[PDB]
């Protein structure tokens, strides 16, 4: 999407809304959308019901409304993820984006795979504590950006 359409619709102008319609019509092969059917900014878009969308756009209103719902859910979907940096003994760095509620077994197996190393021969530490396969970032209290140290087992 254009640079403006990347921010939340509450910040959309009249022109952002009209450009959003043109982007959606081409992205989704919709019937041509008359720009004059949403003469309002993004703040006003958020007050319309789905029936209002269907009334204004009988061919595409429900699609545009559901598209808007998905855009509205993006910051909360982002808040479910954190950035983790895995530091090797050789000071190498591999970066991960993981869901706060996903078991860290997935991260440990992925790192061992990229290192060509057996699955259970490395140990992963977070603030001095061994990270178990059934640990989650939320349960460990890892910050939105946090660090993990990895060492090979003896």
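Positions refer to the first chain, counted from 1.
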Averaging CA B factors per stretch from the PDB record, which one is higher: 43-51 or 119-127? 119-127
As the entry reports it, the stretch among 10-18 and 132-140 with higher mean C-alpha B factor is 132-140
Whose CA atom has the top B-factor in the entry, of 26, 60, 69, 101? 101
Chain-wide C-alpha B factor ranking for residue 85, given as lowest, middle or highest third: middle
Residue 105: CA temperature factor from the record, placed by chain third, in the lowest
Just say lowest, middle or highest third for the CA B-factor of residue 56 relative to the other modelled residues in its chain. lowest
